[PDB]
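Only one structure is covered here, and it is reproduced in the block below.
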Amino acid sequence: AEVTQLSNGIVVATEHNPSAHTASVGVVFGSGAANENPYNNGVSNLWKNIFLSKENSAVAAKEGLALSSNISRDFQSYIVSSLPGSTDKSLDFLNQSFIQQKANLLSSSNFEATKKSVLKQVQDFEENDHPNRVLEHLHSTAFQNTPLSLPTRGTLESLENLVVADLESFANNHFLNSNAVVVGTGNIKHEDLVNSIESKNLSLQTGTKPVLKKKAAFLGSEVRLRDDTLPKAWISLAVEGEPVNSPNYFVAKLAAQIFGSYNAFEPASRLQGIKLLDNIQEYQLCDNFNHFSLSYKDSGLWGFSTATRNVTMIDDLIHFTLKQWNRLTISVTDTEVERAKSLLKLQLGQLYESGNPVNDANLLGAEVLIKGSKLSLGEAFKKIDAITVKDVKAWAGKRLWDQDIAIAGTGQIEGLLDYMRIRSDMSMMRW
Amino acid sequence: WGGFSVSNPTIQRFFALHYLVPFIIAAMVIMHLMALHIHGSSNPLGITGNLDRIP
Ligand code: HEM
């Protein structure tokens with residue numbers, strides 16, 4: 001039940017778990033949206049979609065195995081789920097239809113059908129979703145002129161201007177062996193440990209990933225798309241988080257989980273909570289919270305996303321959330337910290353140990369590429385109880401106190417005051 | 001004019017009224033502000049300003 005890693009050409013990792021019985025084997029490429037230029041955006045999306053359609057049609061018809069994928073910023077988590085006794089076939093298919101050969105896959109007809117399907121999908125995502133749209137806009141506005149602001153889906157202008165050659169060029173400049181691994185989360189033990197290294201079962205295109213000239217940055221900005229047609233409102237604050245592989249990941253995660261989520265239309269959420277939730281609930285101010293502190297290998301983001309219903313009362317919601325963040329960095333009760341520790345413990349336990357093998361496989365791939373070695377949750381629990389009020393005070397004195405913010409929302413934001421009524425009030429002039 | 005000559009009542013009344021009136025001006029200008037607030041302030045372009053405004 002212990003994760004094993006090595007380094008033999010291509011990194012192979014394994015998180016054995018005979019609890020579940022859905023074996024999964026796949027790859028986790030250490031590149032994606034962050035590793036590609038603004039002018040050719042949805043190349044990763046197109047890859048994922050051509051796979052997820054035609055290879056799905058092939059695999060289900062031939063054998064029994066359902067293949068998924070995921071792209072967040074720098075992954076292509078082409079996980080291929082299977083039965084416990086059917087991992088060799090899955091690996092053989094993966095190495096015979098993803099790395100090579102790509103001729104039977106990139107026919108002009110299949111590529112064009114997938115291209116139009118991707119266009120339709122991104123279009124109706126733009127026309128329907130809203131919290132995801134404002135989150136993508138928040139990324140695109142926080143990291144202007146940097147290979148991290150471009151979204152994980154892409155723009156129609158960038159989507160339309162690529163046919164075959166750009167796709168193959170990106171394939172040959174990022175589907176290498178140096179920054180590609182194999183993940184076997186499920187209930188396999190060592191068959192994957194030896195079958196990945198075989199006479200020829202190896203990714204093509206030996207070499208290295210082209211290093212980006214600039215990594216990441218930050219700057220305060222706004223991208224609002226004010227349109228009164230939409231019913232509700234949407235906003236998303238942000239403060240620069242802490243990158244992965246740093247002695248600040250868990251303290252930032254706790255500093256985010258203190259305030260916690262909130263759904264105003266649930267009998268089991270209004271009653272519980274801390275000061276801001278009560279002071280909001282006295283009137284009607286907000287309708288959802290999401291304190292998220294996302295982190296990436298270049299830089300991380302500590303955010304605060306809402307989707308309210310009241311339109312005249314945006315300013316008061318923002319003012320209260322800012323005063324609560326100041327309260328976080330000035331003085332915190334010990335019971336608050338203890339409750340946060342317990343909640344974050346259970347949240348990590350649920351997230352990392354969900355029964356679905358695909359989630360565990362993707363997270364293991366992310367960690368093995370970024371951290372260089374898997375961090376078993378035992379050490380996380382051991383090192384999480386040591387987080388103390390002084391440490392959080394110190395961390396918030398750096399990341400939060402008078403630091404530039406970025407917000408970006410679509411809807412009836414118009415009531416929101418522009419910048420100096422949401423920025424120069426993070427200290428309330430009496431600390 | 002307080003009589004047939006400029007004398008004590010003349011300047012006395014003039015000074016008392018001078019010391020009184022600016023408070024009436026203050027009342028009138030609080031009315032001025034009240035009347036202003038109903039419909040904002042005009043653009044220099046002489047066109048509708050209801051589109052965007054800053055706090
Ligand atoms: C003590 C006297 C006065 C005070 C305190 C005062 C105050 C103000 C204030 C605060 C405004 C808002 C814009 C600005 O500050 O200029 C304003 C605007 C205005 N005032 Fe006055 N005012 C006074 C006298 C007058 C007088 C005597 C007139 C005209 C006879 C006048 C006509 C206006 C007009 C037309 C505006 C229009 C603003 C707009 O259209 O954009 N005011 N005044």
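Simple scheme: letters A, B, ... for chains in structure tokens order, numbers from 1 for residues in each chain, numbers from 1 for ligands in the order shown.
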
| task | Report as JSON, numbers by chain the set of chain B residues whose atoms approach chain A to within 10 Å, with distances computed over only C-alpha atoms. | result | {"B": [52, 53, 54, 55]}

Nearby polymer residues, ligand 1, at most 10 Å, only C-alpha atoms and all ligand atoms, as a PDB file with N, CA and C atoms, in the first residue's frame:
```pdb
ATOM      1  N   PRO B  22     -25.305  84.679   6.209  1.00  0.00           N
ATOM      2  CA  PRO B  22     -24.583  83.528   5.649  1.00  0.00           C
ATOM      3  C   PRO B  22     -25.096  82.192   6.141  1.00  0.00           C
ATOM      4  N   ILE B  25     -27.599  81.465   3.763  1.00  0.00           N
ATOM      5  CA  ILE B  25     -26.894  80.959   2.587  1.00  0.00           C
ATOM      6  C   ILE B  25     -26.573  79.484   2.763  1.00  0.00           C
ATOM      7  N   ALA B  26     -26.143  79.099   3.961  1.00  0.00           N
ATOM      8  CA  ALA B  26     -25.832  77.700   4.220  1.00  0.00           C
ATOM      9  C   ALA B  26     -27.070  76.832   4.053  1.00  0.00           C
ATOM     10  N   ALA B  27     -28.212  77.308   4.539  1.00  0.00           N
ATOM     11  CA  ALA B  27     -29.451  76.574   4.318  1.00  0.00           C
ATOM     12  C   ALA B  27     -29.756  76.465   2.830  1.00  0.00           C
ATOM     13  N   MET B  28     -29.614  77.566   2.096  1.00  0.00           N
ATOM     14  CA  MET B  28     -29.906  77.516   0.671  1.00  0.00           C
ATOM     15  C   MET B  28     -28.944  76.601  -0.068  1.00  0.00           C
ATOM     16  N   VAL B  29     -27.704  76.484   0.395  1.00  0.00           N
ATOM     17  CA  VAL B  29     -26.777  75.638  -0.340  1.00  0.00           C
ATOM     18  C   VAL B  29     -26.960  74.184   0.049  1.00  0.00           C
ATOM     19  N   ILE B  30     -27.463  73.903   1.251  1.00  0.00           N
ATOM     20  CA  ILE B  30     -27.818  72.513   1.505  1.00  0.00           C
ATOM     21  C   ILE B  30     -29.019  72.136   0.645  1.00  0.00           C
ATOM     22  N   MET B  31     -29.936  73.081   0.408  1.00  0.00           N
ATOM     23  CA  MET B  31     -30.972  72.841  -0.595  1.00  0.00           C
ATOM     24  C   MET B  31     -30.373  72.666  -1.987  1.00  0.00           C
ATOM     25  N   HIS B  32     -29.338  73.442  -2.304  1.00  0.00           N
ATOM     26  CA  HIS B  32     -28.662  73.337  -3.594  1.00  0.00           C
ATOM     27  C   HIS B  32     -28.116  71.932  -3.801  1.00  0.00           C
ATOM     28  N   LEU B  33     -27.466  71.389  -2.775  1.00  0.00           N
ATOM     29  CA  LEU B  33     -26.984  70.013  -2.835  1.00  0.00           C
ATOM     30  C   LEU B  33     -28.136  69.028  -2.975  1.00  0.00           C
ATOM     31  N   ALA B  35     -31.067  69.474  -4.354  1.00  0.00           N
ATOM     32  CA  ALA B  35     -31.591  69.538  -5.709  1.00  0.00           C
ATOM     33  C   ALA B  35     -30.608  68.947  -6.702  1.00  0.00           C
ATOM     34  N   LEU B  36     -29.310  69.095  -6.443  1.00  0.00           N
ATOM     35  CA  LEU B  36     -28.318  68.506  -7.333  1.00  0.00           C
ATOM     36  C   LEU B  36     -28.389  66.990  -7.321  1.00  0.00           C
ATOM     37  N   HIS B  37     -28.518  66.391  -6.138  1.00  0.00           N
ATOM     38  CA  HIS B  37     -28.372  64.943  -6.047  1.00  0.00           C
ATOM     39  C   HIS B  37     -29.438  64.185  -6.822  1.00  0.00           C
ATOM     40  N   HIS B  39     -30.258  64.214  -9.936  1.00  0.00           N
ATOM     41  CA  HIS B  39     -29.939  63.772 -11.287  1.00  0.00           C
ATOM     42  C   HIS B  39     -28.458  63.927 -11.615  1.00  0.00           C
ATOM     43  N   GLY B  40     -27.587  63.765 -10.622  1.00  0.00           N
ATOM     44  CA  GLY B  40     -26.156  63.762 -10.865  1.00  0.00           C
ATOM     45  C   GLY B  40     -25.638  65.105 -11.343  1.00  0.00           C
ATOM     46  N   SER B  41     -24.527  65.057 -12.073  1.00  0.00           N
ATOM     47  CA  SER B  41     -23.921  66.238 -12.662  1.00  0.00           C
ATOM     48  C   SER B  41     -23.699  66.000 -14.147  1.00  0.00           C
ATOM     49  N   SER B  42     -23.735  67.083 -14.915  1.00  0.00           N
ATOM     50  CA  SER B  42     -23.690  66.972 -16.364  1.00  0.00           C
ATOM     51  C   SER B  42     -22.304  66.570 -16.846  1.00  0.00           C
ATOM     52  N   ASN B  43     -22.275  65.846 -17.959  1.00  0.00           N
ATOM     53  CA  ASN B  43     -21.019  65.571 -18.628  1.00  0.00           C
ATOM     54  C   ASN B  43     -20.480  66.849 -19.261  1.00  0.00           C
ATOM     55  N   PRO B  44     -19.164  66.964 -19.408  1.00  0.00           N
ATOM     56  CA  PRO B  44     -18.628  68.044 -20.239  1.00  0.00           C
ATOM     57  C   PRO B  44     -18.991  67.894 -21.699  1.00  0.00           C
ATOM     58  N   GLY B  46     -21.925  67.070 -22.822  1.00  0.00           N
ATOM     59  CA  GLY B  46     -23.331  67.331 -23.044  1.00  0.00           C
ATOM     60  C   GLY B  46     -24.064  66.124 -23.585  1.00  0.00           C
TER      61      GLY B  46
END
```

DSSP-assigned strand (DSSP E) among stretch 36-208 of chain A, expressed as a list in words
residues 80, 81, 180, 181, 182 and 183 of chain A

Exercise. Quick one: residues within 7 Å of stretch 300-309 of chain A, only C-alpha atoms counted, chain neighbours fewer than 2 positions away excluded, as a list in words?
Worked result: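 Neighbouring residues, sequence-local ones excluded: residues 232, 233, 234, 235, 236, 237, 238, 239, 240, 241, 242, 243, 286, 287, 288, 289, 290, 291, 292, 293, 294, 295, 296 and 311 of chain A.
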
Can you write out the residues you just picked, keeping N, CA and C atoms, as a CSV table (one decimal), in the first residue's frame?
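So the final result, stored in part-v5.csv, reads:
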```csv
chain,number,residue,atom,x,y,z
A,232,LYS,N,-27.8,36.7,-12.6
A,232,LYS,CA,-27.1,36.9,-11.3
A,232,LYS,C,-25.8,37.7,-11.6
A,233,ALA,N,-25.0,37.7,-10.6
A,233,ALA,CA,-23.7,38.3,-10.6
A,233,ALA,C,-22.6,37.3,-10.4
A,234,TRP,N,-21.3,37.7,-10.7
A,234,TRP,CA,-20.2,36.8,-10.5
A,234,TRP,C,-18.9,37.6,-10.3
A,235,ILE,N,-18.2,37.3,-9.2
A,235,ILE,CA,-16.9,37.9,-9.0
A,235,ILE,C,-15.9,36.9,-8.5
A,236,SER,N,-14.6,37.2,-8.5
A,236,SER,CA,-13.6,36.3,-8.1
A,236,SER,C,-12.4,37.1,-7.7
A,237,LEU,N,-12.2,37.3,-6.4
A,237,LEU,CA,-10.9,37.9,-6.0
A,237,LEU,C,-9.8,36.9,-6.1
A,238,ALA,N,-8.6,37.4,-5.9
A,238,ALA,CA,-7.4,36.6,-6.0
A,238,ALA,C,-6.2,37.2,-5.4
A,239,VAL,N,-5.4,36.5,-4.7
A,239,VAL,CA,-4.1,36.9,-4.2
A,239,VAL,C,-3.1,35.8,-4.5
A,240,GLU,N,-1.9,36.2,-4.9
A,240,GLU,CA,-0.9,35.2,-5.3
A,240,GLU,C,-0.6,34.2,-4.2
A,241,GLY,N,-0.8,32.9,-4.5
A,241,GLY,CA,-0.7,31.9,-3.5
A,241,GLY,C,0.8,31.5,-3.4
A,242,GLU,N,1.0,30.2,-3.1
A,242,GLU,CA,2.4,29.7,-2.9
A,242,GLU,C,2.6,28.5,-3.9
A,243,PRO,N,3.7,28.5,-4.6
A,243,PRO,CA,3.9,27.4,-5.6
A,243,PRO,C,4.1,26.1,-4.9
A,286,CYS,N,-25.1,37.2,0.0
A,286,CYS,CA,-24.4,36.3,-1.0
A,286,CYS,C,-25.2,35.0,-1.1
A,287,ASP,N,-24.7,34.2,-2.1
A,287,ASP,CA,-25.4,33.0,-2.4
A,287,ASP,C,-24.4,31.8,-2.5
A,288,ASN,N,-23.1,32.0,-2.6
A,288,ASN,CA,-22.1,31.0,-2.6
A,288,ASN,C,-20.8,31.5,-2.3
A,289,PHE,N,-19.9,30.7,-1.6
A,289,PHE,CA,-18.5,30.9,-1.4
A,289,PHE,C,-17.7,29.8,-2.1
A,290,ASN,N,-16.5,30.1,-2.4
A,290,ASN,CA,-15.5,29.1,-2.7
A,290,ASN,C,-14.1,29.7,-2.4
A,291,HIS,N,-13.6,29.5,-1.2
A,291,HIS,CA,-12.2,29.8,-0.9
A,291,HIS,C,-11.3,28.7,-1.5
A,292,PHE,N,-10.6,29.0,-2.5
A,292,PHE,CA,-9.7,28.1,-3.2
A,292,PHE,C,-8.3,28.7,-3.2
A,293,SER,N,-7.3,27.9,-2.9
A,293,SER,CA,-5.9,28.3,-3.0
A,293,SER,C,-5.2,27.4,-3.9
A,294,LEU,N,-5.3,27.6,-5.2
A,294,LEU,CA,-4.7,26.8,-6.2
A,294,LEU,C,-3.2,27.1,-6.4
A,295,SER,N,-2.4,26.0,-6.6
A,295,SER,CA,-1.0,26.2,-6.8
A,295,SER,C,-0.5,25.4,-8.0
A,296,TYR,N,0.5,26.0,-8.6
A,296,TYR,CA,1.1,25.5,-9.8
A,296,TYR,C,2.6,25.5,-9.7
A,311,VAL,N,-28.0,42.4,-6.2
A,311,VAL,CA,-27.2,43.2,-7.1
A,311,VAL,C,-26.8,44.5,-6.5
```

Check stretch 344-429 of chain A with DSSP on the backbone and list each residue it calls alpha helix (DSSP H), as a short mmCIF file (atom, residue, chain, number, x, y, z; two decimals) with C-alpha atoms, in the first residue's frame.
```
data_model
loop_
_atom_site.label_atom_id
_atom_site.label_comp_id
_atom_site.auth_asym_id
_atom_site.auth_seq_id
_atom_site.Cartn_x
_atom_site.Cartn_y
_atom_site.Cartn_z
CA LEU A 344 -8.62 20.19 6.13
CA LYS A 345 -7.56 16.75 7.36
CA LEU A 346 -10.89 15.23 6.41
CA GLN A 347 -10.96 17.10 3.10
CA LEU A 348 -7.54 15.77 2.10
CA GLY A 349 -8.58 12.30 3.21
CA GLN A 350 -11.63 12.42 0.96
CA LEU A 351 -9.83 13.95 -2.02
CA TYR A 352 -6.71 11.79 -2.12
CA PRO A 357 -8.75 5.37 -9.43
CA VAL A 358 -8.58 8.11 -12.05
CA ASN A 359 -8.43 10.94 -9.51
CA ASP A 360 -5.67 9.25 -7.53
CA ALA A 361 -3.73 8.49 -10.71
CA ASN A 362 -3.91 12.10 -11.90
CA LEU A 363 -2.85 13.49 -8.53
CA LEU A 364 0.01 10.99 -8.27
CA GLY A 365 1.21 12.01 -11.71
CA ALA A 366 1.06 15.69 -10.81
CA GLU A 367 3.04 15.17 -7.62
CA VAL A 368 5.63 12.83 -9.15
CA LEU A 369 6.40 15.34 -11.89
CA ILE A 370 6.42 18.40 -9.65
CA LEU A 377 -0.63 11.38 3.31
CA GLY A 378 0.85 9.95 6.51
CA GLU A 379 3.62 12.54 6.42
CA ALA A 380 1.04 15.18 5.50
CA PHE A 381 -0.95 14.35 8.62
CA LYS A 382 2.24 14.30 10.70
CA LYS A 383 3.32 17.73 9.43
CA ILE A 384 -0.17 19.26 9.47
CA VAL A 389 -1.14 30.29 14.95
CA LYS A 390 2.25 32.00 14.76
CA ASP A 391 3.03 30.31 11.45
CA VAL A 392 -0.27 31.39 9.87
CA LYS A 393 0.20 34.92 11.22
CA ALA A 394 3.63 35.03 9.58
CA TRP A 395 2.42 33.62 6.26
CA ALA A 396 -0.52 36.02 6.01
CA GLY A 397 1.76 38.92 6.87
CA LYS A 398 3.46 38.17 3.55
CA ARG A 399 0.92 36.85 1.06
#
```

Leaving out residue A:426 and any residue of its chain fewer than 5 positions from it, which residues lie within 10 Å of it when counting only C-alpha atoms, given as number ranges by chain? A: 319, 321-327, 400-403, 421

Export N, CA, C and O atoms of the chosen residues as a PDB file, in the first residue's frame?
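Below is the file that was written, selection36.pdb:
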```pdb
ATOM      1  N   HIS A 319     -16.753  44.172   1.215  1.00  0.00           N
ATOM      2  CA  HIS A 319     -16.193  44.825   2.389  1.00  0.00           C
ATOM      3  C   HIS A 319     -16.064  43.849   3.548  1.00  0.00           C
ATOM      4  O   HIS A 319     -15.035  43.821   4.234  1.00  0.00           O
ATOM      5  N   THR A 321     -15.864  40.472   3.407  1.00  0.00           N
ATOM      6  CA  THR A 321     -14.845  39.458   3.149  1.00  0.00           C
ATOM      7  C   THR A 321     -13.442  40.028   3.340  1.00  0.00           C
ATOM      8  O   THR A 321     -12.567  39.367   3.919  1.00  0.00           O
ATOM      9  N   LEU A 322     -13.210  41.261   2.887  1.00  0.00           N
ATOM     10  CA  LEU A 322     -11.899  41.878   3.088  1.00  0.00           C
ATOM     11  C   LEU A 322     -11.595  42.098   4.566  1.00  0.00           C
ATOM     12  O   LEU A 322     -10.469  41.844   5.021  1.00  0.00           O
ATOM     13  N   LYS A 323     -12.573  42.584   5.336  1.00  0.00           N
ATOM     14  CA  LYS A 323     -12.308  42.762   6.757  1.00  0.00           C
ATOM     15  C   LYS A 323     -12.034  41.432   7.433  1.00  0.00           C
ATOM     16  O   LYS A 323     -11.224  41.367   8.361  1.00  0.00           O
ATOM     17  N   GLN A 324     -12.669  40.356   6.971  1.00  0.00           N
ATOM     18  CA  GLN A 324     -12.386  39.054   7.564  1.00  0.00           C
ATOM     19  C   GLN A 324     -10.986  38.568   7.211  1.00  0.00           C
ATOM     20  O   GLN A 324     -10.326  37.923   8.029  1.00  0.00           O
ATOM     21  N   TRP A 325     -10.513  38.858   5.999  1.00  0.00           N
ATOM     22  CA  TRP A 325      -9.142  38.488   5.655  1.00  0.00           C
ATOM     23  C   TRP A 325      -8.136  39.261   6.501  1.00  0.00           C
ATOM     24  O   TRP A 325      -7.135  38.702   6.981  1.00  0.00           O
ATOM     25  N   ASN A 326      -8.398  40.545   6.716  1.00  0.00           N
ATOM     26  CA  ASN A 326      -7.571  41.306   7.643  1.00  0.00           C
ATOM     27  C   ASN A 326      -7.610  40.704   9.044  1.00  0.00           C
ATOM     28  O   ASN A 326      -6.576  40.603   9.718  1.00  0.00           O
ATOM     29  N   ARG A 327      -8.791  40.294   9.498  1.00  0.00           N
ATOM     30  CA  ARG A 327      -8.884  39.649  10.801  1.00  0.00           C
ATOM     31  C   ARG A 327      -8.050  38.377  10.838  1.00  0.00           C
ATOM     32  O   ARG A 327      -7.434  38.058  11.860  1.00  0.00           O
ATOM     33  N   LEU A 400      -0.849  38.200   2.086  1.00  0.00           N
ATOM     34  CA  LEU A 400      -2.121  38.913   2.092  1.00  0.00           C
ATOM     35  C   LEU A 400      -1.977  40.418   2.272  1.00  0.00           C
ATOM     36  O   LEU A 400      -2.468  41.185   1.442  1.00  0.00           O
ATOM     37  N   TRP A 401      -1.329  40.854   3.350  1.00  0.00           N
ATOM     38  CA  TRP A 401      -1.253  42.264   3.720  1.00  0.00           C
ATOM     39  C   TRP A 401      -0.803  43.156   2.573  1.00  0.00           C
ATOM     40  O   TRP A 401       0.349  43.073   2.139  1.00  0.00           O
ATOM     41  N   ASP A 402      -1.695  44.020   2.099  1.00  0.00           N
ATOM     42  CA  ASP A 402      -1.387  45.002   1.062  1.00  0.00           C
ATOM     43  C   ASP A 402      -0.641  44.368  -0.108  1.00  0.00           C
ATOM     44  O   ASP A 402       0.503  44.704  -0.411  1.00  0.00           O
ATOM     45  N   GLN A 403      -1.307  43.427  -0.757  1.00  0.00           N
ATOM     46  CA  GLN A 403      -0.776  42.789  -1.950  1.00  0.00           C
ATOM     47  C   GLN A 403      -1.782  42.949  -3.076  1.00  0.00           C
ATOM     48  O   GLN A 403      -2.992  42.939  -2.843  1.00  0.00           O
ATOM     49  N   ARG A 421     -11.737  50.867  -3.921  1.00  0.00           N
ATOM     50  CA  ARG A 421     -12.678  50.464  -2.891  1.00  0.00           C
ATOM     51  C   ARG A 421     -12.671  48.961  -2.650  1.00  0.00           C
ATOM     52  O   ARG A 421     -13.455  48.475  -1.831  1.00  0.00           O
TER      53      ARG A 421
END
```
